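**Student:** File upload-v2.pdb follows (PDB, C-alpha atoms and all ligand atoms):
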```pdb
ATOM      1  CA  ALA U   1      -9.187 -20.095 -15.616  1.00  0.00           C
ATOM      2  CA  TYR U   2      -8.811 -16.323 -15.761  1.00  0.00           C
ATOM      3  CA  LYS U   3      -5.855 -14.311 -16.961  1.00  0.00           C
ATOM      4  CA  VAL U   4      -4.775 -12.140 -14.040  1.00  0.00           C
ATOM      5  CA  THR U   5      -2.293  -9.437 -14.956  1.00  0.00           C
ATOM      6  CA  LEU U   6      -0.363  -8.460 -11.849  1.00  0.00           C
ATOM      7  CA  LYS U   7       0.987  -4.923 -12.272  1.00  0.00           C
ATOM      8  CA  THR U   8       3.751  -4.879  -9.851  1.00  0.00           C
ATOM      9  CA  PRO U   9       6.140  -2.031  -9.225  1.00  0.00           C
ATOM     10  CA  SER U  10       8.683  -3.994 -11.265  1.00  0.00           C
ATOM     11  CA  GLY U  11       6.473  -4.652 -14.248  1.00  0.00           C
ATOM     12  CA  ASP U  12       3.566  -6.761 -15.399  1.00  0.00           C
ATOM     13  CA  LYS U  13       3.151 -10.498 -15.156  1.00  0.00           C
ATOM     14  CA  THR U  14       0.048 -12.333 -16.402  1.00  0.00           C
ATOM     15  CA  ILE U  15      -0.774 -15.585 -14.623  1.00  0.00           C
ATOM     16  CA  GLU U  16      -3.681 -17.994 -14.920  1.00  0.00           C
ATOM     17  CA  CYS U  17      -5.939 -18.279 -11.898  1.00  0.00           C
ATOM     18  CA  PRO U  18      -8.841 -20.738 -11.626  1.00  0.00           C
ATOM     19  CA  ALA U  19     -12.226 -19.413 -10.551  1.00  0.00           C
ATOM     20  CA  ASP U  20     -11.893 -21.368  -7.289  1.00  0.00           C
ATOM     21  CA  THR U  21      -8.394 -20.102  -6.380  1.00  0.00           C
ATOM     22  CA  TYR U  22      -7.453 -16.938  -4.528  1.00  0.00           C
ATOM     23  CA  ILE U  23      -5.332 -14.502  -6.493  1.00  0.00           C
ATOM     24  CA  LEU U  24      -2.522 -14.451  -3.892  1.00  0.00           C
ATOM     25  CA  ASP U  25      -2.300 -18.215  -3.879  1.00  0.00           C
ATOM     26  CA  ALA U  26      -2.053 -18.443  -7.644  1.00  0.00           C
ATOM     27  CA  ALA U  27       0.508 -15.653  -7.706  1.00  0.00           C
ATOM     28  CA  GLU U  28       2.672 -17.269  -4.990  1.00  0.00           C
ATOM     29  CA  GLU U  29       2.557 -20.586  -6.859  1.00  0.00           C
ATOM     30  CA  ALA U  30       3.574 -18.851 -10.101  1.00  0.00           C
ATOM     31  CA  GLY U  31       6.684 -17.594  -8.221  1.00  0.00           C
ATOM     32  CA  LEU U  32       5.712 -14.040  -7.343  1.00  0.00           C
ATOM     33  CA  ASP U  33       6.507 -12.950  -3.784  1.00  0.00           C
ATOM     34  CA  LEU U  34       3.673 -10.552  -3.047  1.00  0.00           C
ATOM     35  CA  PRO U  35       3.091  -9.028   0.414  1.00  0.00           C
ATOM     36  CA  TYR U  36       0.901 -10.842   2.929  1.00  0.00           C
ATOM     37  CA  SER U  37       0.576 -11.675   6.600  1.00  0.00           C
ATOM     38  CA  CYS U  38      -2.761 -12.859   7.983  1.00  0.00           C
ATOM     39  CA  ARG U  39      -4.148 -14.578   4.838  1.00  0.00           C
ATOM     40  CA  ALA U  40      -7.617 -14.211   6.395  1.00  0.00           C
ATOM     41  CA  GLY U  41      -8.978 -10.966   4.920  1.00  0.00           C
ATOM     42  CA  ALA U  42      -8.400  -9.073   8.191  1.00  0.00           C
ATOM     43  CA  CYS U  43      -5.454  -6.775   7.427  1.00  0.00           C
ATOM     44  CA  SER U  44      -4.072  -4.649   4.615  1.00  0.00           C
ATOM     45  CA  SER U  45      -0.782  -6.479   3.892  1.00  0.00           C
ATOM     46  CA  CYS U  46      -1.946  -8.126   0.665  1.00  0.00           C
ATOM     47  CA  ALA U  47      -3.851  -5.139  -0.701  1.00  0.00           C
ATOM     48  CA  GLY U  48      -4.033  -4.627  -4.401  1.00  0.00           C
ATOM     49  CA  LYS U  49      -6.116  -2.366  -6.641  1.00  0.00           C
ATOM     50  CA  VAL U  50      -8.252  -3.702  -9.436  1.00  0.00           C
ATOM     51  CA  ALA U  51      -7.554  -1.663 -12.581  1.00  0.00           C
ATOM     52  CA  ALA U  52      -9.803  -3.785 -14.804  1.00  0.00           C
ATOM     53  CA  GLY U  53     -11.928  -6.923 -14.531  1.00  0.00           C
ATOM     54  CA  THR U  54     -13.796  -8.240 -11.515  1.00  0.00           C
ATOM     55  CA  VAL U  55     -13.058 -10.173  -8.370  1.00  0.00           C
ATOM     56  CA  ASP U  56     -15.107 -11.766  -5.620  1.00  0.00           C
ATOM     57  CA  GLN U  57     -13.705 -10.867  -2.206  1.00  0.00           C
ATOM     58  CA  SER U  58     -16.921 -11.518  -0.262  1.00  0.00           C
ATOM     59  CA  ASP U  59     -14.723 -13.222   2.437  1.00  0.00           C
ATOM     60  CA  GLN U  60     -12.868 -10.066   3.238  1.00  0.00           C
ATOM     61  CA  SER U  61     -13.422  -7.912   6.333  1.00  0.00           C
ATOM     62  CA  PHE U  62     -10.733  -5.226   6.587  1.00  0.00           C
ATOM     63  CA  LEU U  63     -11.577  -2.931   3.671  1.00  0.00           C
ATOM     64  CA  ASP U  64     -14.397  -0.450   4.029  1.00  0.00           C
ATOM     65  CA  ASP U  65     -17.114   0.174   1.467  1.00  0.00           C
ATOM     66  CA  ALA U  66     -15.368   3.228  -0.029  1.00  0.00           C
ATOM     67  CA  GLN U  67     -12.079   1.376  -0.418  1.00  0.00           C
ATOM     68  CA  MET U  68     -13.736  -1.481  -2.191  1.00  0.00           C
ATOM     69  CA  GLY U  69     -15.714   0.962  -4.381  1.00  0.00           C
ATOM     70  CA  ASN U  70     -12.342   2.454  -5.408  1.00  0.00           C
ATOM     71  CA  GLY U  71     -11.105  -0.969  -6.506  1.00  0.00           C
ATOM     72  CA  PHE U  72      -9.004  -2.057  -3.502  1.00  0.00           C
ATOM     73  CA  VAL U  73      -8.841  -5.790  -3.004  1.00  0.00           C
ATOM     74  CA  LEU U  74      -7.407  -8.163  -0.406  1.00  0.00           C
ATOM     75  CA  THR U  75      -5.639 -10.569  -2.708  1.00  0.00           C
ATOM     76  CA  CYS U  76      -5.426 -13.333  -0.078  1.00  0.00           C
ATOM     77  CA  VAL U  77      -9.249 -13.815  -0.146  1.00  0.00           C
ATOM     78  CA  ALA U  78     -10.137 -12.663  -3.666  1.00  0.00           C
ATOM     79  CA  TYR U  79     -11.264 -14.998  -6.432  1.00  0.00           C
ATOM     80  CA  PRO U  80     -11.199 -13.745 -10.037  1.00  0.00           C
ATOM     81  CA  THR U  81     -14.533 -13.597 -11.825  1.00  0.00           C
ATOM     82  CA  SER U  82     -13.105 -12.324 -15.119  1.00  0.00           C
ATOM     83  CA  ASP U  83      -9.799 -11.705 -16.778  1.00  0.00           C
ATOM     84  CA  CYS U  84      -8.474  -8.852 -14.652  1.00  0.00           C
ATOM     85  CA  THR U  85      -5.617  -6.501 -13.928  1.00  0.00           C
ATOM     86  CA  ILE U  86      -4.488  -5.973 -10.326  1.00  0.00           C
ATOM     87  CA  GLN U  87      -1.882  -3.478  -9.177  1.00  0.00           C
ATOM     88  CA  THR U  88       0.026  -5.037  -6.302  1.00  0.00           C
ATOM     89  CA  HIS U  89       1.755  -3.546  -3.229  1.00  0.00           C
ATOM     90  CA  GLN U  90      -1.098  -1.093  -2.678  1.00  0.00           C
ATOM     91  CA  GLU U  91      -1.194  -1.042   1.130  1.00  0.00           C
ATOM     92  CA  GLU U  92       0.468   2.370   1.289  1.00  0.00           C
ATOM     93  CA  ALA U  93      -2.208   3.713  -1.115  1.00  0.00           C
ATOM     94  CA  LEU U  94      -5.142   2.789   1.095  1.00  0.00           C
TER      95      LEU U  94
HETATM   96  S1  LIG U 101      -2.819 -10.915   4.237  1.00  0.00           S
HETATM   97 FE1  LIG U 101      -4.182  -9.963   5.747  1.00  0.00          FE
HETATM   98  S2  LIG U 101      -5.969  -9.492   4.522  1.00  0.00           S
HETATM   99 FE2  LIG U 101      -4.683 -10.538   3.111  1.00  0.00          FE
END
```
As structure tokens, what does this structure read like?
**Tutor:**
Amino acid sequence: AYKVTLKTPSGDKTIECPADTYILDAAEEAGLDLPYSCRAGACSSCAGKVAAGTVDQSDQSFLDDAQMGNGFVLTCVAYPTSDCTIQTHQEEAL
């Protein structure tokens, strides 16, 4: 699994997330209550920003190329591919 450090507005929490599990799902199951709505990669509710490490969000559709190049991620459809750090609650920053 990968260590995913969620940098939330109320501090950091590092969870383990298997390669085959979406970050939001692992976070929810670890007891975090992160924003979401569609869970299909088609909105901005679950947006985060990758500060370090890599994800695979090939499933996503809402973010544009520039947003992804600036590290935004739709956590509901993102798998980790390394140990990573994701700032949560980033929809207003998009
Ligand atoms: S909850 Fe809509 S894209 Fe993730």
**Student:** When the cut-off is 9 Å and you count only C-alpha atoms and all ligand atoms, which residues lie near ligand LIG 101 (chain U), shown as a list in words?
**Tutor:**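 Going residue by residue within 9 Å of ligand LIG 101 (chain U), we get residues 24, 35, 36, 37, 38, 39, 40, 41, 42, 43, 44, 45, 46, 47, 60, 61, 62, 63, 73, 74, 75, 76, 77 and 78 of chain U.
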**Student:** Convert the current residue selection to file output with C-alpha atoms, as a PDB file, keeping the file's coordinate frame.
**Tutor:**
```
ATOM      1  CA  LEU U  24      -2.522 -14.451  -3.892  1.00  0.00           C
ATOM      2  CA  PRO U  35       3.091  -9.028   0.414  1.00  0.00           C
ATOM      3  CA  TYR U  36       0.901 -10.842   2.929  1.00  0.00           C
ATOM      4  CA  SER U  37       0.576 -11.675   6.600  1.00  0.00           C
ATOM      5  CA  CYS U  38      -2.761 -12.859   7.983  1.00  0.00           C
ATOM      6  CA  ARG U  39      -4.148 -14.578   4.838  1.00  0.00           C
ATOM      7  CA  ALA U  40      -7.617 -14.211   6.395  1.00  0.00           C
ATOM      8  CA  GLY U  41      -8.978 -10.966   4.920  1.00  0.00           C
ATOM      9  CA  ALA U  42      -8.400  -9.073   8.191  1.00  0.00           C
ATOM     10  CA  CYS U  43      -5.454  -6.775   7.427  1.00  0.00           C
ATOM     11  CA  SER U  44      -4.072  -4.649   4.615  1.00  0.00           C
ATOM     12  CA  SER U  45      -0.782  -6.479   3.892  1.00  0.00           C
ATOM     13  CA  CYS U  46      -1.946  -8.126   0.665  1.00  0.00           C
ATOM     14  CA  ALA U  47      -3.851  -5.139  -0.701  1.00  0.00           C
ATOM     15  CA  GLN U  60     -12.868 -10.066   3.238  1.00  0.00           C
ATOM     16  CA  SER U  61     -13.422  -7.912   6.333  1.00  0.00           C
ATOM     17  CA  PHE U  62     -10.733  -5.226   6.587  1.00  0.00           C
ATOM     18  CA  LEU U  63     -11.577  -2.931   3.671  1.00  0.00           C
ATOM     19  CA  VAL U  73      -8.841  -5.790  -3.004  1.00  0.00           C
ATOM     20  CA  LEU U  74      -7.407  -8.163  -0.406  1.00  0.00           C
ATOM     21  CA  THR U  75      -5.639 -10.569  -2.708  1.00  0.00           C
ATOM     22  CA  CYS U  76      -5.426 -13.333  -0.078  1.00  0.00           C
ATOM     23  CA  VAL U  77      -9.249 -13.815  -0.146  1.00  0.00           C
ATOM     24  CA  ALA U  78     -10.137 -12.663  -3.666  1.00  0.00           C
TER      25      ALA U  78
END
```
**Student:** Show me, as number ranges by chain, the residues that have an atom within 12 Å of residue 13 in chain U when counting all atoms listed in the file, minus same-chain residues fewer than 2 positions from it.
**Tutor:** U: 3-11, 15-16, 27, 30-32, 84-88
**Student:** Find the residue from U:33, U:70, U:92, U:23 that sits nearest to residue 57 in chain U; use only C-alpha atoms when measuring.
**Tutor:**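 For residue 57 in chain U, the nearest of the candidates is U:23.
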**Student:** To one decimal place, how far is CA of residue 93 in chain U from CA of residue 2 in chain U in Å?
**Tutor:**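 For CA of residue 93 in chain U relative to CA of residue 2 in chain U, the distance reads 25.7 Å.
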**Student:** Run the PyMOL selection byres (((chain U and resi 18) around 8) and not hetatm) against the file shown and list the residues it catches, as a list in words.
**Tutor:**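 Residues picked by the PyMOL selection byres (((chain U and resi 18) around 8) and not hetatm): residues 1, 2, 16, 17, 19, 20, 21 and 80 of chain U.
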**Student:** With 8 Å of padding per side, what axis-aligned box (centre and edge lengths, Å, one decimal) covers all the listed atoms of range 74-85 of chain U? Give it as AutoDock Vina command-line options.
**Tutor:**
```
--center_x -10.0 --center_y -10.7 --center_z -8.4 --size_x 25.1 --size_y 24.5 --size_z 32.7
```
**Student:** Using all atoms listed in the file, can you tell me which of U:64, U:49, U:83, U:55 comes closest to residue 14 in chain U?
**Tutor:**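 Of U:64, U:49, U:83, U:55, the one nearest residue 14 in chain U is U:83, counting all atoms listed in the file.
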**Student:** Can you work out the spacing between CA of residue 69 in chain U and CA of residue 53 in chain U in Å, to one decimal?
**Tutor:**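 Computing the Euclidean distance for CA of residue 69 in chain U and CA of residue 53 in chain U yields 13.4 Å.
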**Student:** Using CA of residue 82 in chain U and CA of residue 94 in chain U as the two end points, give the distance in Å to one decimal.
**Tutor:**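 About the pair CA of residue 82 in chain U and CA of residue 94 in chain U: they are 23.6 Å apart.
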